[PDB]
Amino acid sequence: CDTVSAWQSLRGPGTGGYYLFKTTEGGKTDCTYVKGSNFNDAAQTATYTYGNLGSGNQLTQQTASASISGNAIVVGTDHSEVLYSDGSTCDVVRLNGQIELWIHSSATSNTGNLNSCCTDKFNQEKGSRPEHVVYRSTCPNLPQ
Ligand SMILES: NCCc1c[nH]cn1
C-alpha cells in the first residue's frame, strides 16, 4: 500500500473534490468537504474551497491557498500529514492529532467498498478511538 505524495493527494484526479467520511474528531459538522482548483503542478499550490453544511441545505464556502510542506497538505495553519492516499479516491490524513478518512466525490456511492489501503490505514491509525461518520448521501453536491 505505497502512498502517493502529498501533492498527488491534494490534486487527486484534478476534478471533483473530497468529503470527510470518517474521523476521530467529535462535533464535526456534517458534509465537511474540500475541493481543489487552479492547480499549479510546478509550485505545488492550489486554491482550496472548503466548508460544511450551513443553513438552507447549502454548503458553506471559504477559499484559501493550499500548498505542500514536507508530507503535509497545508491550508492556513492546518498541516494535514498524508498517512495514505491513492491520489484518486481517498486519503487518510492526520491533523491536530485526529485521524481523518476523506473520499472523492466519485466514491460517495460506494463507501463500503473503498480502497483497502485507505480503510486499513484509517483502522490501524485510529487505535482505540471511537470513529465518527461525517458524510451522508443527502449532503449537497460540491461547489461547481
Ligand atoms: N485529497 C486531499 C483531501 C484533504 C484532506 N485534508 C486536506 N485535503
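Residues numbered from 1 in each chain as written, not as in the entry; some residues may be left out. Heavy atoms only, no water.

- In the PDB archive, X-ray crystallography is given as the structure determination method for this entry, at a resolution of 1.400 Å.

**Some thoughts on the state of the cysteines**
Then, in step 1: A complete count under the given rule lists three disulfides for this structure.
Then, in step 2: Through a disulfide, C1 is tied to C117; the S-S separation comes to 2.0 Å. Because the sign of the S-S torsion sets the handedness, a value of about -80° for the bond joining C1 and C117 places this disulfide among the left-handed ones. With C1 in the segment before α1 (6-11) and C117 in helix α2 (residues 116-125), this residue pair connects regions lying 116 residues apart in the sequence.
Then, in step 3: Here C31 is linked by a disulfide to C139, with a sulfur-sulfur distance of 2.0 Å. Between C31 and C139 the disulfide shows an S-S torsion of about -85°. By sign, it is left-handed. Residue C31 is found in the loop between β1 (18-23) and β2 (33-40), and its partner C139 is found in the segment after β9 (132-133); the two are separated by 108 residues along the sequence. (Disulfide = S-S within 2.5 Å. Helix = DSSP H or I, 4+ residues; strand = E, 2+ residues; numbered from the N terminus.)

**Details of the site of the ligand**
Then, in step 1: Taken together, the neighbourhood of the ligand is formed by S9, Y18, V34, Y48, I73, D91 and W102.
Then, in step 2: At 2.8 Å, a backbone N or O of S9 approaches a nitrogen atom of the ligand.
Then, in step 3: In the model, a nitrogen atom of the ligand is placed 2.7 Å from a nitrogen or oxygen of the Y48 side chain.
Then, in step 4: In isolation the ligand offers 260 Å² of accessible surface; the protein chains occlude 96% of this area.
Then, in step 5: Grouping the amino acids of the shell around the ligand by side-chain chemistry returns five nonpolar, one polar and one charged. (Near = heavy atom within 4 Å. Polar contact = N/O pair within 3.5 Å; in protein donor to acceptor, adjacent residues only side chain to side chain. Areas by Shrake-Rupley, 256 points an atom, 1.4 Å probe, with all protein chains shown as cover. Nonpolar A, V, L, I, M, F, W, Y, C, P; charged D, E, K, R; others polar.)

**Quick notes on the pattern of salt bridges**
Then, in step 1: One pass over the structure, following the stated rule, counts six salt bridges.
Then, in step 2: Among the salt bridges present, the one from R11 reaches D41, with a minimum N-O distance of 2.9 Å. Of this pair, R11 sits in helix α1 while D41 sits in the loop between β2 and β3 (45-51); the two residues are 30 residues apart in sequence, bridging distant segments of the chain.
Then, in step 3: Between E81 and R94 there is a salt bridge; the shortest N-O distance is 2.4 Å. Of this pair, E81 sits in strand β6 (residues 78-85) while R94 sits in strand β7 (residues 90-95); the two residues are 13 residues apart in sequence, bridging distant segments of the chain.
Then, in step 4: Classification of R94 as partly exposed rests on a relative accessible area of 30%.
Then, in step 5: Put simply, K22, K126 and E131 are held in one network by salt bridges that share partners. (Salt bridge = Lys/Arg side-chain N within 4 Å of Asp/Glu carboxyl O. Buried < 20%, exposed > 50% of the residue type's maximum accessible area, 1.4 Å probe, protein only.)

**Let's talk about the packing of aromatic side chains**
Then, in step 1: Following the criterion strictly, the structure yields two aromatic pairs and no others.
Then, in step 2: Judged by centre distance (6.2 Å) and plane angle (75°), the rings of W7 and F39 are edge-to-face. Note that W7 is positioned in helix α1 and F39 in strand β2, a separation of 32 residues in sequence.
Then, in step 3: Owing to a relative accessible area of 5%, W7 belongs among the buried residues under this scheme. (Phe/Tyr/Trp six-rings, centres within 6.5 Å; stacked < 30°, edge-to-face > 60°.)

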